[PDB]
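Here the structure comes first, spelled out in structure tokens, and everything after it is commentary.
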Protein chains: 2
Amino acid sequence: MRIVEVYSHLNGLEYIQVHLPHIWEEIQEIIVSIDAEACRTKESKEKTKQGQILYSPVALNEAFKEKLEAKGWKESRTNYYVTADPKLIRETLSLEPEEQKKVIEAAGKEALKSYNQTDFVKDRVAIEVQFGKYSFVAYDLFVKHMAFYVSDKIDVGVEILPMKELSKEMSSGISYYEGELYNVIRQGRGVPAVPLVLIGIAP
Amino acid sequence: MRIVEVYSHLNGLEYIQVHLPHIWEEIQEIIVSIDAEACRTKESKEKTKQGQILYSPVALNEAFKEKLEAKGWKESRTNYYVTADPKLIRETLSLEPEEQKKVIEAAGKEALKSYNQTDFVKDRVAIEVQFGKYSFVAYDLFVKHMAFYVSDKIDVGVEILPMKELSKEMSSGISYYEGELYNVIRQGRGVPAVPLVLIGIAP
DNA sequence: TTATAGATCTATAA
DNA sequence: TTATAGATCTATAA
């Protein structure tokens, strides 16, 4: 595939270039190596795209996983408990999972187990190949990368999205670089307050 | 239905109380009037909830629409064009739609027509009944309410979500108040920088 | 024809 | 059994 567009939020790319120049190579190489055409297997079933052959997010994901894991990118998961009272949540943010549930219940409140996953993380960098309903991009950007960033676990979040010419050939509901780029640019240029690298591949 | 939980971000509620006290009444009344049990019509088809009767987001939405429109809440839509180059986007943020496309193409760039909808807006208040893929809540919060807020069109965003006891009876993928509340609380208490009122109904 | 939104199924892991 | 994620269809409007 080919890196058609690349945007650097709050110097997210320049950070990689200066401290992990090899990672930048790695990421680019990995992208260029995937044969998107080999991933064109999904037969749309929507009434509007009847009998059409689109690129498969499932295939494209398998392609990225295999390649990325092979390079050392491992998954990271954060478990936590949430409750209805905001002040209780604030008092449990620094504690450990088991410990949070404890302080919550120790107040007659209910403790709900949740978590956040990210299949690719390395040297404090988080990669998100995002081919799902477009709302996940804002979720990835304002919730996840930001979560890791403030938690001092990541130093820059990377979000890979398909350009409009690629999403134009995947099932409905999927986001496209151009648009998401807007969602970030639209609101000044310090929001979200997390270094990022939006990459918009698209062969 | 019943307002089980209510969170006020950056004094979003106190703003309504002091300038549109009647709106607060209105919103509460509207919520209390809807018969959720009458909206229990969707027969799940998932392999895990086989032959179970859940509450319908479709019904619950129709209930909210009818009631809210009846009270004067109208829809608002913002059209705009996006392009791949970030600097071009920055130069077109203040212009009018037709005008944006013009400046974009007048540089050999492609202009992609997009937009943002919000079914309920009144007296500079935006309501979002959100019963869709959980990622839409972060999208509603960090992208839409924020968009209106910075654009000086809204003064406080309102987000209505179902508590865990309600989402526990709707199809998979739907968010629940408790959790989303966390996503906001998790990152300090000035992020996002837009006054909000998260309401977690749940009968 | 198409864009954003909303509706719902399934995949994996704990 | 269940939670978060990811996969995809459809509804409405311009």
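Going through the structure tokens in order, the chains are called A, B, and so on, while each chain numbers its residues from 1 and the ligands are numbered from 1 in the order shown.
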
Select from chain A every residue with an atom at most 10 Å from any atom of chain C, then for each give the shortest pair of atoms and their distance in Å to one decimal, using only C-alpha atoms (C1' of nucleotides), rows by chain and rising number, as a tab-separated table.
```
residue	atom	partner	partner_atom	distance
A:48	CA	C:1	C1'	9.8
A:134	CA	C:4	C1'	9.7
A:173	CA	C:4	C1'	8.7
```

Give me, as a tab-separated table, each residue of chain B that comes within 10 Å of chain A, together with its shortest interatomic pair and the distance in Å at one decimal, counting only C-alpha atoms, with rows ordered by chain and rising residue number.
```
residue	atom	partner	partner_atom	distance
B:4	CA	A:84	CA	9.5
B:5	CA	A:84	CA	7.2
B:6	CA	A:84	CA	9.1
B:7	CA	A:86	CA	7.7
B:8	CA	A:86	CA	9.8
B:80	CA	A:182	CA	9.9
B:81	CA	A:179	CA	8.7
B:82	CA	A:179	CA	6.0
B:83	CA	A:178	CA	5.6
B:84	CA	A:178	CA	5.1
B:85	CA	A:178	CA	8.3
B:86	CA	A:185	CA	6.9
B:87	CA	A:185	CA	9.0
B:89	CA	A:182	CA	7.2
B:90	CA	A:185	CA	7.1
B:92	CA	A:186	CA	9.9
B:93	CA	A:186	CA	7.1
B:111	CA	A:178	CA	9.7
B:112	CA	A:178	CA	8.1
B:113	CA	A:179	CA	9.3
B:114	CA	A:179	CA	7.7
B:115	CA	A:179	CA	9.7
B:133	CA	A:135	CA	8.2
B:134	CA	A:135	CA	8.6
B:135	CA	A:136	CA	5.2
B:136	CA	A:135	CA	5.2
B:137	CA	A:139	CA	8.2
B:138	CA	A:139	CA	5.3
B:139	CA	A:138	CA	5.3
B:140	CA	A:135	CA	8.7
B:141	CA	A:138	CA	9.4
B:142	CA	A:142	CA	6.8
B:143	CA	A:183	CA	6.6
B:144	CA	A:183	CA	9.1
B:146	CA	A:187	CA	8.2
B:147	CA	A:187	CA	7.2
B:150	CA	A:187	CA	7.6
B:151	CA	A:187	CA	9.4
B:163	CA	A:84	CA	8.9
B:164	CA	A:112	CA	8.7
B:177	CA	A:84	CA	7.8
B:178	CA	A:84	CA	5.1
B:179	CA	A:82	CA	6.0
B:180	CA	A:82	CA	9.1
B:181	CA	A:86	CA	7.5
B:182	CA	A:82	CA	6.2
B:183	CA	A:143	CA	6.6
B:184	CA	A:143	CA	8.3
B:185	CA	A:86	CA	6.9
B:186	CA	A:93	CA	7.1
B:187	CA	A:147	CA	7.2
B:188	CA	A:90	CA	8.6
B:189	CA	A:90	CA	9.6
B:191	CA	A:192	CA	9.2
B:192	CA	A:192	CA	8.7
B:193	CA	A:191	CA	9.7
B:200	CA	A:84	CA	9.2
```

Prev. selection, C-alpha atoms, output as a PDB file, in the first residue's frame:
```
ATOM      1  CA  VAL B   4     -31.294   8.152  37.185  1.00  0.00           C
ATOM      2  CA  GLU B   5     -27.987  10.052  36.942  1.00  0.00           C
ATOM      3  CA  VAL B   6     -27.014  13.588  35.985  1.00  0.00           C
ATOM      4  CA  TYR B   7     -23.471  14.981  35.635  1.00  0.00           C
ATOM      5  CA  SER B   8     -22.578  18.615  35.011  1.00  0.00           C
ATOM      6  CA  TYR B  80     -18.621  22.286   4.857  1.00  0.00           C
ATOM      7  CA  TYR B  81     -15.884  20.985   2.552  1.00  0.00           C
ATOM      8  CA  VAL B  82     -12.777  19.110   3.587  1.00  0.00           C
ATOM      9  CA  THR B  83      -9.506  18.569   1.768  1.00  0.00           C
ATOM     10  CA  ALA B  84      -6.259  16.668   2.327  1.00  0.00           C
ATOM     11  CA  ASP B  85      -3.990  19.640   2.956  1.00  0.00           C
ATOM     12  CA  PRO B  86      -4.286  20.957   6.514  1.00  0.00           C
ATOM     13  CA  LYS B  87      -3.266  24.541   5.656  1.00  0.00           C
ATOM     14  CA  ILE B  89      -8.527  23.654   5.607  1.00  0.00           C
ATOM     15  CA  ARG B  90      -7.353  26.356   8.014  1.00  0.00           C
ATOM     16  CA  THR B  92     -11.360  27.877   4.628  1.00  0.00           C
ATOM     17  CA  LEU B  93     -12.809  27.517   8.135  1.00  0.00           C
ATOM     18  CA  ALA B 111     -13.060  19.337  -2.385  1.00  0.00           C
ATOM     19  CA  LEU B 112     -15.110  16.825  -0.417  1.00  0.00           C
ATOM     20  CA  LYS B 113     -18.586  17.816   0.756  1.00  0.00           C
ATOM     21  CA  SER B 114     -19.439  16.785   4.303  1.00  0.00           C
ATOM     22  CA  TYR B 115     -21.618  17.944   7.193  1.00  0.00           C
ATOM     23  CA  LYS B 133     -22.376   2.471  18.759  1.00  0.00           C
ATOM     24  CA  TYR B 134     -20.696   3.670  21.980  1.00  0.00           C
ATOM     25  CA  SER B 135     -17.954   5.437  20.033  1.00  0.00           C
ATOM     26  CA  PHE B 136     -20.512   8.056  19.021  1.00  0.00           C
ATOM     27  CA  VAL B 137     -20.544   9.452  22.545  1.00  0.00           C
ATOM     28  CA  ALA B 138     -16.926  10.510  22.381  1.00  0.00           C
ATOM     29  CA  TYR B 139     -17.694  11.743  18.866  1.00  0.00           C
ATOM     30  CA  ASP B 140     -20.690  13.706  20.121  1.00  0.00           C
ATOM     31  CA  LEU B 141     -18.698  15.143  23.004  1.00  0.00           C
ATOM     32  CA  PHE B 142     -15.273  15.939  21.517  1.00  0.00           C
ATOM     33  CA  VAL B 143     -16.401  16.717  17.973  1.00  0.00           C
ATOM     34  CA  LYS B 144     -20.039  17.933  17.721  1.00  0.00           C
ATOM     35  CA  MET B 146     -17.433  21.143  20.865  1.00  0.00           C
ATOM     36  CA  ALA B 147     -17.913  22.214  17.237  1.00  0.00           C
ATOM     37  CA  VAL B 150     -16.408  27.034  19.614  1.00  0.00           C
ATOM     38  CA  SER B 151     -18.555  28.167  16.697  1.00  0.00           C
ATOM     39  CA  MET B 163     -27.567   3.624  32.323  1.00  0.00           C
ATOM     40  CA  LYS B 164     -25.914   0.191  32.479  1.00  0.00           C
ATOM     41  CA  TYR B 177     -23.722   6.332  31.097  1.00  0.00           C
ATOM     42  CA  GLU B 178     -21.416   5.018  33.813  1.00  0.00           C
ATOM     43  CA  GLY B 179     -18.705   4.174  31.330  1.00  0.00           C
ATOM     44  CA  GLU B 180     -18.888   7.307  29.202  1.00  0.00           C
ATOM     45  CA  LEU B 181     -18.911   9.397  32.372  1.00  0.00           C
ATOM     46  CA  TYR B 182     -15.556   7.769  33.089  1.00  0.00           C
ATOM     47  CA  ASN B 183     -14.154   8.639  29.676  1.00  0.00           C
ATOM     48  CA  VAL B 184     -14.742  12.277  30.567  1.00  0.00           C
ATOM     49  CA  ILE B 185     -13.719  12.138  34.220  1.00  0.00           C
ATOM     50  CA  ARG B 186     -10.642  10.038  33.448  1.00  0.00           C
ATOM     51  CA  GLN B 187      -8.971  13.035  31.804  1.00  0.00           C
ATOM     52  CA  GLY B 188      -9.053  15.754  34.437  1.00  0.00           C
ATOM     53  CA  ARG B 189     -12.078  17.992  34.671  1.00  0.00           C
ATOM     54  CA  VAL B 191     -11.579  18.227  29.049  1.00  0.00           C
ATOM     55  CA  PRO B 192     -13.356  18.589  26.749  1.00  0.00           C
ATOM     56  CA  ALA B 193     -13.441  22.354  27.085  1.00  0.00           C
ATOM     57  CA  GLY B 200     -28.204   8.932  32.291  1.00  0.00           C
TER      58      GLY B 200
END
```

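For residue 65 (chain A), the residues within 12 Å (counting only C-alpha atoms (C1' of nucleotides), excluding itself and residues fewer than 3 positions away along the chain) are residues 30, 31, 34, 57, 58, 59, 60, 61, 62, 68, 69, 70, 71, 72, 73, 74, 75, 118, 119, 120, 121, 127, 128 and 129 of chain A.
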
So that I can see what lies close to residue 158 (chain A), please list as a PyMOL selection string the residues with an atom at most 8 Å from it, counting only C-alpha atoms (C1' of nucleotides) and leaving out residues fewer than 3 positions away in the same chain. chain A and resi 125-128+196-199
